[PDB]
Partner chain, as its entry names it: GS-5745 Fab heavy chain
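The chain below stands alone, shown as structure tokens; this is the form solved without the partner chain.
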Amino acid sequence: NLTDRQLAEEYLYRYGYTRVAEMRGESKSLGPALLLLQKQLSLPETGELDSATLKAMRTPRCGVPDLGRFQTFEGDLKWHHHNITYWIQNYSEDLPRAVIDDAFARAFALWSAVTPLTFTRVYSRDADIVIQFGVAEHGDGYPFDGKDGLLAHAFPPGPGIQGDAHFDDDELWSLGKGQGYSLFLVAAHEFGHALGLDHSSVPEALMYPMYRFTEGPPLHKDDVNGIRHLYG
């Protein structure tokens, strides 16, 4: 029961819009930050807390920031070897273990066709991409928010926590039918970040930050070109 205005202030802060408005001398009213968000999400650029902007802010999405408050990390944020390993550290009880394993394998198979990298499952803490399910504060100081709102987050390529992918288990994980969010579609978006991709402004793109259920092929031209500009 946040008000529409309280939701707007929280959204603009969480995803980096308020910090950018501060750097431009324009954080004492909502309008300038709203214009930065409408440009970034490809909404009409009104500067108002209008119906299209409120509908966007209420839409479940990725927990990675858009414009600001990104942490300082080690290295140039791409992988420098070909065989990327992953470890499924724990399981949601919402799906059978073999269905969770296959959702992650399918999400990696989407990227493998369009990148010179391979993805291989291991059972070891020193995998490149460690996958975890967690609730609220889950060990990295970037807490989840309970049911709906942000669904998951991931870290850009590098050592340790870098490249890792976390899924909010206060969500109901499914394949996106009946109830719950598609673990396949969320994992596919989060693995893009774990390969070094940013958010897209193209609403149809996999790397757009909002969750959109589809039964169609998830990759768009903007996603494939994004990976091409990283690894060839």
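Shifts are known only where both forms have a C-alpha. Residue numbers count along the first chain shown, from 1. Under this definition, the rigid core comprises the largest set of C-alpha atoms superposing within 1.5 Å between the forms.
Compared with the other entries of this protein, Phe184 is consistently built, present in every one of those that build its neighbours rather than absent from a third. Of the other entries compared for this protein that flank it with modelled residues, all give atoms for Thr59, so not even a third lack it. When the mean C-alpha temperature factors of 62 to 70 and 180 to 188 are read from the deposited coordinates, 62 to 70 comes out higher.
Remark: stretch with higher mean C-alpha B factor among 115 to 123 and 71 to 79 is 71 to 79. Remark: of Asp164, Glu204, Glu48, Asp168, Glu204 shows the highest value [criterion: C-alpha B-factor in the PDB entry]. Annotation for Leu2: CA B-factor lies in the highest third of the chain's modelled residues. In the deposited entry, the Cα temperature factor of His193 places it in the lowest third of its chain's modelled residues. When the modelled residues of the chain are ordered by C-alpha B-factor, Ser27 sits in the highest third. Among all modelled residues in this chain, the alpha-carbon of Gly158 has a temperature factor (C-alpha) in the middle third. Per-chain ranking of the deposited C-alpha B factor places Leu230 in the highest third.
One more form of this protein should be noted, the form solved in complex with the partner chain, which is absent from this view; the next part is about it.
This chain lacks the partner; the member of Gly139, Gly146, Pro96, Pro116 within 4.5 angstroms of the partner chain in the entry with it bound by a non-hydrogen atom is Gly139.
Comment: the partner chain is not present in this chain, but in the entry with it bound one of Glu171, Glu190, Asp66, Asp164 has a heavy atom within 4.5 Å of it, namely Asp164.
The partner is not drawn, yet in the entry with it bound one stretch among 98 to 106, 76 to 84, 126 to 134, 146 to 154 has residues with heavy atoms inside 4.5 Å of the partner chain: 126 to 134. Using a 4.5 Å cutoff between non-hydrogen atoms, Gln71 counts as a contact of the partner chain in the entry with it bound. Rigid-core fit between the shown form and the other one: of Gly63, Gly196, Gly68, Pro60, the one residue whose Cα shifts 2 angstroms or more is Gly68. Comparing the forms between the shown form and the other one on their core, residues 68 to 70 form the single run of at least three in a row where every Cα shifts 2 Å or more.
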